Every structure is written in structure tokens, then in C-alpha cells.
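Trainee: The structure follows.
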Amino acid sequence: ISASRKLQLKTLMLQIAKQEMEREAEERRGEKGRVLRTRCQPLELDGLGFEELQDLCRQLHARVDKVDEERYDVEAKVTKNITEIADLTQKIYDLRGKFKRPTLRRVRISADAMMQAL
Amino acid sequence: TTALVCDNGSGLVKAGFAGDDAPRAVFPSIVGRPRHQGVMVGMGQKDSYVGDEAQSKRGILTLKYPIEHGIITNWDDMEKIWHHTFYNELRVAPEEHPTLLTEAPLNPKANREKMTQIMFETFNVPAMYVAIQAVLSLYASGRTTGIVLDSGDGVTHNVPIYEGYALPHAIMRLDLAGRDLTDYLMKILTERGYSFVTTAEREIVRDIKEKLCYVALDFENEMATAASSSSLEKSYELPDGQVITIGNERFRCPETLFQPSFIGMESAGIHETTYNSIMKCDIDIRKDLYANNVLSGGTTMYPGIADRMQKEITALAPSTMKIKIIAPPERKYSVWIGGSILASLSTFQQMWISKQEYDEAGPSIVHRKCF
Amino acid sequence: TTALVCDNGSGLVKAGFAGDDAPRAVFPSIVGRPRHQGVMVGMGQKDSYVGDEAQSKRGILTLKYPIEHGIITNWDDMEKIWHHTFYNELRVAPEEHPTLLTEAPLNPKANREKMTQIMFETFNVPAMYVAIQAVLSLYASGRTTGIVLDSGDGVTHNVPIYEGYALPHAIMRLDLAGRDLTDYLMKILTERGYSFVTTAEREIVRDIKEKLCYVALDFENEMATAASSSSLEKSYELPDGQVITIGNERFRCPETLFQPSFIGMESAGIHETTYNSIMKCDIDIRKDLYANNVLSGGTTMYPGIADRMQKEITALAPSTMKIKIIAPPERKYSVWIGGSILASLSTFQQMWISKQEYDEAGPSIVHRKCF
Amino acid sequence: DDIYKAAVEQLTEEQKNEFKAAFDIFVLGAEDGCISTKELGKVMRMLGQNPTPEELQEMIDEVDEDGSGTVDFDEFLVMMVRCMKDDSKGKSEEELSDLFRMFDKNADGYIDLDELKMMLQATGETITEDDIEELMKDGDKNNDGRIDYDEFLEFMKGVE
Amino acid sequence: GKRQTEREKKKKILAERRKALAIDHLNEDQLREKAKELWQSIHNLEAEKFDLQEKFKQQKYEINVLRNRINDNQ
Ligand SMILES: Nc1ncnc2c1ncn2[C@@H]1O[C@H](COP(=O)(O)OP(=O)(O)O)[C@@H](O)[C@H]1O
Ligand SMILES: Nc1ncnc2c1ncn2[C@@H]1O[C@H](COP(=O)(O)OP(=O)(O)O)[C@@H](O)[C@H]1O
Ligand SMILES: [Mg+2]
Ligand SMILES: [Mg+2]
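Shown next, in the form of C-alpha cells:
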């Protein structure tokens, strides 16, 4: 078929995919927000004595430090993920650099203007 | 700041700031004192014209190259050339710019140490680094393997590299280069009557070689054809008239590359030292080196050399391997383009020889880890 | 969850999840540091290429196997190999999977204890179990009796089993295996002019051995035929051209198995150590062992060995017994298939060495009831 | 017309006036404004940024195939938008990776032809045997059993 | 890999994450305000950990993709 028509169809597909990705991102954001709302339970502090409220706060802070520990664990895991991502990128660039070393440079800076000085 | 990628070479000094496509200023490296007496007073006659200025007043000068074969034989003249390059062709004081010189393989140590001592004491650069002229030419091709034949004007050297690991035991450096071809052409021109003797007329013979000579695909057939017909005789106009006609001197001058017995050298041509350099490598990387043979340097610009060399190597090599010869159109400045690319890298930014390091270990720092 | 059936071996590491037909990832067990200098900057050059990656860059590496003869001589390299196997070839963290290593018979204790200590401390598996490499090969054949000759690449061992009761006093372990055959082939190739010396070229000689060599049915007749005609000379193309022609080296390399006097070893061939292993057994189970002789391991893949061995044993054995040699087409992975079957059993599910047990008794738990 | 009018706005009304002045520069002039057809080659000669032979071939396919001897304003601007650099640089590497990951619903590490067909028909475009099969010839260059990662990464180079 | 060093780093970071405050030095409204503030802080904790999980999932998918494409070489 004609190249222009196929290119137009490819452009239509890419734009539709981008729109779907943005809509799915909106869905992910809303779903994550709602789930986060569900994770944190409502607090009813009305008519709470010093002992009850203080104990509840201490329990909440203990759970907070537990969350700190879990976030440290998942942080170590995500750093491992980042490290292996970097290793994969390094290996891929190594495979591509068998023929793509002179790719990164800048040429034709100022010498193309200077011609009639001599 | 930006780095200065200088490239001393031997015959043409090529320099320019890192990160561009072509050197900013390219000019012959000759320093010529006047030789006659001089009678006009107040004409403002200097004592030494360097660079491209001495290619216009060459009628009354005695040009003498300060670099013979890679090595530097006259340090005062080389210092003068560097001073000119920094101050008049680039107009950037060296106190605020790193420099990246280039050096042929297997050169004397004292040359490199004196070079770094000059750059650190006289010009007082912040940091300088010396790199082998073939690795840069491999950078410019965008490869990471391959065996590069860098036939400059001073010395022809053939450095094989695989996967970034250079093979130091397989470097074959041969001292036949463009200058010997100029001398041989000047010597065979005498067979028709044209005598060039003065050191100024060597430049005219060099121009003849550049504009007319070409490498024959098959030597004997060309010798037979030029001896019967007259379709090869190309004429050329000297700087004063009296056109000359070059016959079979056209392809006999650059043939010396493949038969160094013409100028009395014993060694084998550039077609067989490449095969020998390959065969010294390990048995498992010979296919890749066969497929990625790289040409560089000025003297490899002869019309028709990328076919003669491929034919010769295909004759020598096993019949199954594929022989491919990479001959980019920007051959002459390949080393400098590679130098610019290398100086523009972020990973390389900590390999410079910083001045405080030189102050602590002396000029012998160059042979150390900072190579 | 699923169990990891790893099988260290010596020459090829075979691994995969329990319950399949073939190992998921099979790759040579070699770790090769680069040996040259390396001039390209930023190429991303690592310090050690392991597994199948070092069989492609072997031109500039010095490959060295971490397992010599069953035993492990270089624990750091073996740890590196295991780490690669778990993380890159299977991509399953070991924190959530039991492992089933395999070990040759009659190996040093310290090797096994160090293996279990590594698996429990570094990789931190839930539970690991070590099994003898011949019982698995007997599992894969679907038998329950029989004497199995598992001629691997490191060590050849011959474990007889009857009705599920192994006979510990009749195990005949011989240290001739595929590696010694590779070295002997590399040594007899020099009789035609081909010299392979580098540790990288040992791989080329191994490929020659795999693709060309075969076991002769009768040795003297083949030696006489190859010395008169030329119907045996098969040619082979090196990794760079220059084809080579192997004459009577074809059946002389694997003949070392049946005459270990060729490489100077005193002991008797694999045709006579099987008969000796049988004769040490009781007088009433010799018929069953004669009828169910099993072959396994890589080195028993030579074309024509299942007939030579049967002829030899029939010559040695009494004339009435029937000699049958089981040679399944999936010989190479027989041990691993058996390992998968064993790990998939429900009755076996309580034999693993659980981590709490190791914490209570130390690494010496492996010699205890949990064998 | 949506893509057509987008290309129209690519060379906006200011650029339209500039190129109309240029057209008056290289037109025959001193005439009724009947508009010739050779002006599309005259602009190629005048600009220095000569259109590629692909654009001229497209013009021949579109115009002068019937020997009209003139170029429509619509066809003239069609040719003009085909010479100026209305490039999109082929999106971005991250954008390509995201779009291809969404295309790889099966997470196969590549794109399958069924995946391609579903993605295309999810846009509403008529994807029949004239598609896919031609795209097997055209969209998939390797045709090595699937559409591998580098195949479609390089396939959408410099495209919209 | 040298889990002692990892545990020491965990201890240092947790000490950085350690928050010890007054528990019997505020009135009922101040106590309720502190409870609400702690609730909001751990709510931000839940949100951030959800983000971490999502980004880790994305990273793992990209790791699988890159591993597949690098194995596709040969
Ligand atoms: N177009 C050309 N054709 C043939 N020979 C050339 C051409 N250009 C340069 N040369 C030869 O190459 C030499 C320049 O080589 P060059 O690469 O500048 O050496 P260096 O490595 O010292 O820079 C000149 O002396 C000349 O003899
Ligand atoms: N098709 C074959 N023909 C001949 N020899 C082979 C063949 N395949 C493998 N081998 C030999 O067997 C060895 C592999 O044996 P293997 O069973 O993998 O040992 P391990 O018991 O350590 O796994 C190789 O080193 C090779 O020498
Ligand atoms: Mg040079
Ligand atoms: Mg085995």
C-alpha cells in the first residue's frame, strides 16, 4: 500500500495508544488514591481520655515505625531493582557500542563559518 | 571549560576545540629561517616563519620539519610550533584549557616525557593527556573492534584491537610513510629530466604526488599499458609555467607502499604487515579483525587503494573469511575526530594528568597509571 | 512451591525447575578473567565473564573451570557460577525455592559440607538436599535395578543397585573422563602439525572431539584400515578457515576409555571396571545386573560405544548370561531428568535438610540421617 | 482533512504568506494567474533545499498524471508541506517503550501480529487482509516469527 | 551479602526514622491534634509505600523486557 497511508494509520494507532495510556494512568491514580484512603482507618478521638488516647497514639507510632521498617525493606529491594536495571542498560549499551562508539559528539561548530579569513 | 585536542602529527598539525566535527586550524609543521642576506631596511623581516606563513615565502626560506619519524628531533622548533598553534591559530591562552596530544606507538620514552614537561612548564596547561594515534582513529569509526592501519606522513603503524582490549604484542610499526614516497617520487621524476633539489621544491613534488598519483589495482598490467598507449600521461603546471607530463611515474610512486624494496627497505608492504599483525592475534578473534579492517591517516587517500589492499589481503587470507576494508571519506582527520570524541566523554574526565600529580612524581608520571 | 533441580556437573551446568522434561538453562561452567590491557574507555568491560558469555569472548579471556574432578578446587568461582545460574539464567531468587544439588560418589567430605554451608548462608535457600549422581540416572530410566556407568566430563563412576538397595562396597570410581580425552586428542593432533595450546583452543579441540570422534567396534582392524585406504579422513573448518583433516585420530581419542594405558593411567578400561563392579556383588543378583546395564553421562554419547561395550562385556562374562546395554537417546540430561523426577515425588518431600535443622547441628548435618 | 489541515497549520498562514510571496517570485508573472505546473520544479530550483525524488514522485502520482499542465492550490500546498521540515523526530525512546509495553499485553518481550491487529482495530481503522499481510511485508521487516523489540523500535523511526 | 553491614545500615536509617516525642505533656485537644497528625503522617507513609510497590512492579516488568531483548540477540 501507499507509504503515506500506512504512516497515517501508524500515527493513528500511536495516538490512540497514548490516549489509552493517559486514561489508564488516570485510572491508576484514582484507584491508588482510593486504596490509600482504605488503608488508613478513620480516627474518632471525641470523648477520649488521656490514657485511652495516649495508648492509641503510642500504638499508632509503633505501627508507624513498623511501616518505617517495611519501607526500608522495600527501599532496599527497589534499590536492587534500580541496580539491576542499570546493569541491564550497561550491558545493552555495551552490545550496541560494538558499532556505536562515535555516536556521541558535536561537529560543525564554528569552522564552517570561517572561510575567507586567509 | 573546553579541552584543546591538539594532534602534532608529522607534516600537518591539526588542532581544535573538543566537540566539533573538524579541526579548526590545519597547517604544515615547518619552520624556515631565511637564507639570503636581505637589503631592504625596515621591511619587518622576522627570523623564523612557521606554519602556513612559510608556505608562501618558501622561495627564500629553508624549510625544515621538526618531526622526523614520529619522534621529535628539534625541540626548540617544536616548542615554536606549539606556541604558534596556541596563540595565533586558536588565540586561546593555554593556562585555561586541558590538552590532549597524540603519539605514535612504540616511540622513545624521552620524547613523551619531554613533551609533557614542556606542556606543564612552558605553556603551563592545567592538565594534559597523551593518547595512541590508532585508538582515536578507531573511536572515529564508531567501532569497538578492528585492526586500524594508520599510514600517516611520518610512520605507518598497525594496531589491532578487540572488544576494547588492545593487543600490545601485535603492533607492527613500519617507518615507510608519505615522506619517503615524496622522496622516491622526487627521485624517479629525474628519469624524464625534471630535477627538484631544494627543500622548497620538495613541497612542489608533494603537490604533484597529492594531485596526480594513484595506486594501481594490478601493477604489471599497468606497467604494460603505460608502456604502449599514452592514455595515462597527465600534465601539471609548475608554479611558474613549463608544464610537465607524468607518465608511469603516476602509479609507481605509491606502489612503494606494497613493495618497500623500491626504496631499499627490507620489510614487507602494508598489504602483508596487516596480515602478519592479524596472525599474531588469537585464533578466535581473527574473523572479526578480518571483517573490520580500518584505514586512516593521510597517505591512505590515494585513489584506488581500498581495492588493491582488499585484493591483496583476500589473496593472503583463507578463502572462507570475508575481508572488508573500512575507508571513510573523512580519512585525513579521522584521528582528530576520534580525539574530539574521546575528550568529550564524561567517563574520560578523570583520566587527565592533573598538574599537582606531575608536581609530586615528575615527568615520569606519563608512563604510570595515567598512561 | 517448586523445587530447583540444579546439577553442578563439571563442564556443563544443567538447571531447571522440578517437573519438566529438560533443563531450562545449560551452559559451560567456566569463569574467565580478561588477560590483555584494554584501551577503549567506557566500553563497560567487566572483570569476569561466566557461563555462556565467556564462550563468545574467549578470544581474549583465560577460561578456567572451577571443578577439576568432581571436587571443587576454587570456591569463589563456584560461588560466582551459582549466583549467575540462580539470578540470570533462571531469574528466581533462591530465598523461595528448595534446591537439589548432585555430587559424585566417593568425594571428599569437606566439599559437600562447604557446598551446603554456601547454599544455606550466602544464597539462603529454604532447604537443600544432595544426591548421588548415579541414583538419579537410574531414576530416569524408570528401572529399579541395574548397574549404571555415568561417564561424565570430570569423573567416571559405576554404581550398582539392586531392588533399590545400593551396594556401597561395589562402587568403582575412575578419574578418566571427557576432559582427559580432550587433552589426549589435543596431544595427538600434534602428529599432523596442528598445535593447540591456549586454554581457549581447548574449546576448539573439544568441538572437534564432539563432532568427529567415534568409538571403533574393533580397534586393530580400524587401525589397519585407516592406514591403507582414506575413507575415514573427515575434514573440519576451524573458527577462521584453514580446514584440517583428521585421520586415524578419530577413533584413537575415545579408545582411551577402554585402554587407559594410552594416557599413562594404570587402571582397566570402562569395559572391565563394570565387570569387576558386577563380580563384587552377590552371586544371586549378577544376572539382573548383567541384563540391566545402564549408560549415562555425556561422554557415553560417542557413536558406536553401546556396541563396543556390549561386545567387550560379552567376551568377559559367562556365555549363558544375556548382556543388554540400555542407552537412551536422552543420555546427556539423564541425571537431571532423574533429579526432576525425584524432586517431584511426594514420598521424598520430607527428606529435605530444613534450615532449622542446619542451625541446630551445623554443616555436618549432611552426613547424618538426612544424607 | 484533519491530517490535511494539521499539515496546513504546519506551514501556518505567516509561512503561507511567505511562500506565496516566494511563489510570486518564481511564478511566470505578468499573466492572468492561470497557474502553471512547472512552478513546483521552479520552487525546487529556487529554494536550494530541493525536495527529495520521493516528493516529486508523489506529485507525479497525484498531479500531472492526466496532463493537466497546472497545479491546484491544494496540490501545490500538498507539495510544499512535503518539502518543509515538519518532522516529529519519531516520538521519544521512553514514549516508544511505553507504547510497545502496552502493545505487549501478553508481556512476550516483543509484539505479535495478533497484538498488532488488535491495537490497530482498537483505533477503528479498517484493518483487513490489505492490512496486516501487507504490514507483515511492510510493518514487520524481520518477519522472523514475530515483531521483535528492535524490529518495531526501529520501525517507527522518524514517524508520527 | 554481609548481612551484618545491611543490618547496621538498617539500624542507622531506622534511628533516622526514629521519632520519640512527649506522651504525657499535652492536653486533650493537643493530644487529639497529635493523633491526627500521626495519622496523616502514616497516611503519607501508606501512599509512598503504594508508590514504591507500583514503581517496583514497573521496574520488574522493564527488567523482564530488557532481559528478553538481550537474550533475543542469539
Ligand atoms: N589527497 C591526498 N592524496 C594523496 N596523499 C595525500 C593526500 N593528502 C595528504 N597526503 C599525504 O599525507 C600526508 C599528510 O598526512 P597526515 O595524515 O597529515 O600525517 P599526520 O599523521 O602527521 O597528520 C602528506 O604529507 C601527503 O604526502
Ligand atoms: N555429542 C557428544 N559426543 C561426544 N562427546 C560429548 C558429546 N556431548 C558432550 N560430550 C562430552 O561430554 C562432556 C559433557 O559431559 P556432561 O555429562 O555435561 O558432564 P557433567 O556430568 O559434568 O554434566 C563434554 O565435555 C564433552 O567432552
Ligand atoms: Mg596521524
Ligand atoms: Mg554428570
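Residue numbers (the authors' numbering), protein chains in the order written: chain I, 42 to 159; chain E, 5 to 375; chain D, 5 to 375; chain H, 2 to 161; chain J, 202 to 275.
The beta-carbon is built from N, C-alpha and C at its ideal position, and this holds for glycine as well.
(1) On the criterion of 16 or more Cβ atoms from any shown chain inside 10 Å, does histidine 275 (chain E) qualify as buried, or is it exposed?
(2) For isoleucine 61 (chain H), does the count of other Cβ atoms within 10 angstroms reach 16, so buried, or fall short, so exposed?
(3) Tell me which residues share the same chain as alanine 29 (chain D) and place their Cβ nearer than 6 Å to its Cβ, disregarding the 5 neighbours each side in the sequence.
(4) Is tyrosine 143 (chain E) close to ligand 1? I mean its beta-carbon at under 7 Å from any heavy atom of the ligand.
(5) Pull up the distance between the alpha-carbon of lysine 291 (chain E) and that of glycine 273 (chain E), whole angstroms please.
(6) Helix, strand or coil, according to DSSP, for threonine 144 (chain I) in the structure here?
(7) Is there at least one Cβ from chain I nearer than 8 Å to residue 4 (chain E)'s Cβ?
(8) Apply the 10 Å Cβ neighbour rule to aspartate 157 (chain E) and answer buried if 16 or more other Cβ atoms are within range, or exposed otherwise.
(9) Which residues share a DSSP beta bridge with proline 38 (chain D)?
(10) Using a Cβ-Cβ distance cut-off of 8 Å, determine whether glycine 48 (chain D) contacts chain I.
(11) Mind checking whether the beta-carbon of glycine 302 (chain D) lies closer than 7 Å to any heavy atom of ligand 1?
(12) Could you tell me the alpha carbon to alpha carbon distance between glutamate 117 (chain E) and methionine 269 (chain D), rounded to whole angstroms?
(13) Among E:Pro98, E:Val54 and E:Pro172, which one has its Cα closest to the Cα of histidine 40 (chain D)?
(14) Taking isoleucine 357 (chain D) and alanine 131 (chain D) to be in contact with their CB atoms under 8 Å, please state how far apart those CB atoms are, rounded to whole angstroms.
(15) Which residues in chain I sit within 9 Å of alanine 123 (chain H), going by Cβ to Cβ distance?
(16) Is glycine 156 (chain D) near ligand 4, going by C-beta to nearest heavy atom under 7 Å?
(17) Assuming the contact rule is C-beta atoms closer than 8 Å, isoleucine 165 (chain E) and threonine 278 (chain E) should be a hit. Round their C-beta distance to whole Å, please.
(18) Counting along the chain, where does the alpha helix (DSSP H) carrying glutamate 117 (chain E) start and finish?
(19) Taking C-alpha atoms, which residue in D:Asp244, D:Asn297, D:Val54 and D:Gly308 lies nearest to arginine 254 (chain D)?
(20) Name the chain E residues that come within less than 9 Å of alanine 152 (chain I), Cβ to Cβ?
(21) Does at least one heavy atom of ligand 4 sit under 7 Å from the Cβ of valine 9 (chain D)?
(22) Straight-line CA distance for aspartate 81 (chain D) to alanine 230 (chain D)?
(23) Is any beta-carbon of chain I found at less than 8 Å from that of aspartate 273 (chain J)?
(24) Just verifying my parser: in three-state terms, what is the DSSP assignment at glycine 42 (chain H)?
(25) Leaving out the 5 sequence neighbours to the left and right, which residues in its chain are closer than 7 Å to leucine 41 (chain H) when beta-carbon positions are compared?
(26) Which full runs of the alpha helix (DSSP H) of 4+ residues lie inside the segment 200-235 of chain D, going along the chain?
(27) So, is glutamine 137 (chain E) buried or exposed, given that buried needs 16 or more other C-beta atoms within 10 angstroms?
(28) Residues of chain I with a CB under 8 Å from the CB of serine 348 (chain E): which are they?
(29) Decide if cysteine 10 (chain D) is buried, meaning its Cβ has at least 16 other Cβ atoms within 10 Å, or exposed.
(30) At a CB-CB cut-off below 7 Å, which residues of chain E make contact with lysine 141 (chain I)?
(31) Would you say the beta carbon of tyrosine 306 (chain D) is closer than 7 Å to some non-hydrogen atom of ligand 2?
(32) Does chain H have any CB closer than 8 Å to the CB of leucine 86 (chain I)?
(33) According to the neighbour-count rule (16 or more other Cβ atoms, all chains shown, within 10 Å of its Cβ), is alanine 221 (chain J) buried or exposed?
(34) Can you determine whether any heavy atom of ligand 1 sits closer than 7 Å to the C-beta of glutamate 214 (chain E), and answer yes or no?
(35) Does any residue of chain I bring its CB to less than 8 Å from the CB of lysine 203 (chain J)?
(36) In this structure, does DSSP put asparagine 162 (chain D) in helix, strand or coil?
Mentor: So, from the listed chains and residues:
(1) By the C-beta density criterion, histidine 275 (chain E) is buried, having at least 16 other C-beta atoms within 10 angstroms.
(2) Within 10 angstroms of the beta-carbon of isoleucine 61 (chain H) lie fewer than 16 other beta-carbons, which makes it exposed.
(3) Sequence-distant partners of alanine 29 (chain D) (beyond 5 residues in either direction) whose C-beta falls short of 6 Å from its own C-beta, in its chain, are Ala19 and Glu93.
(4) No; taking the cut-off as 7 Å, the Cβ of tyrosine 143 (chain E) has no heavy atom of ligand 1 nearer than that.
(5) Approximately 22 Å between the Cα atoms of the pair.
(6) Here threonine 144 (chain I) sits in helix by DSSP.
(7) The structure shown does not extend to residue 4 (chain E), since chain E is modelled only from 5 through 375, so no value can be given for it.
(8) Looking at its Cβ environment, which holds 16 or more other Cβ atoms inside 10 Å, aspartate 157 (chain E) is buried.
(9) Partner(s): D:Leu65.
(10) Answer yes: the Cβ-Cβ gap between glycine 48 (chain D) and chain I drops below 8 Å somewhere.
(11) False, no ligand heavy atom lies under 7 Å from that Cβ.
(12) Cα to Cα, the separation comes out at about 59 Å.
(13) With distances taken between Cα atoms, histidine 40 (chain D) lies closest to E:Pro172.
(14) About 6 Å; that satisfies the 8 Å criterion.
(15) Those within 9 Å of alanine 123 (chain H) in chain I are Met54, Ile57, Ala58 and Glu61.
(16) For ligand 4, at least one heavy atom lies less than 7 Å from the Cβ of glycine 156 (chain D).
(17) Taking 8 Å as the upper bound for CB-CB distance, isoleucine 165 (chain E) and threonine 278 (chain E) are not in contact here, some 13 Å apart.
(18) Unbroken alpha helix (DSSP H) run through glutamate 117 (chain E): 113-125.
(19) Measuring from the Cα of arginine 254 (chain D), the nearest candidate turns out to be D:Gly308.
(20) Those within 9 Å of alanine 152 (chain I) in chain E are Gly20, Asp24, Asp25, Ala26, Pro27, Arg28 and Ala29.
(21) False, no ligand heavy atom lies under 7 Å from that Cβ.
(22) Computed Cα separation, rounded: 44 Å.
(23) Not a single CB atom of chain I sits nearer than 8 Å to the CB of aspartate 273 (chain J).
(24) Helix.
(25) Hits under 7 Å: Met60, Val72, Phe77 and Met80.
(26) Given a length threshold of 4 residues, each whole run of the alpha helix (DSSP H) inside the segment 200-235 of chain D is given here in chain order: 205-216 and 223-230.
(27) Flag for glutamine 137 (chain E) reads buried.
(28) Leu145, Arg146 and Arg147, listed in chain order.
(29) By the neighbour-count definition (other C-beta atoms within 10 Å, threshold 16), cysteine 10 (chain D) is a buried residue.
(30) Under a criterion of Cβ atoms nearer than 7 Å, the residues of chain E adjacent to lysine 141 (chain I) are, in order, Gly146.
(31) Yes - ligand 2 has a heavy atom lying nearer than 7 Å to the Cβ of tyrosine 306 (chain D).
(32) Chain H contact via Cβ: absent.
(33) Exposed is the label assigned to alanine 221 (chain J), since fewer than 16 other Cβ atoms lie within 10 Å of its Cβ.
(34) True, at least one ligand heavy atom lies under 7 Å from that Cβ.
(35) Residue-level contact by beta carbon fails for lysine 203 (chain J) and chain I, as no gap is shorter than 8 Å.
(36) Three-state result, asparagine 162 (chain D): strand.
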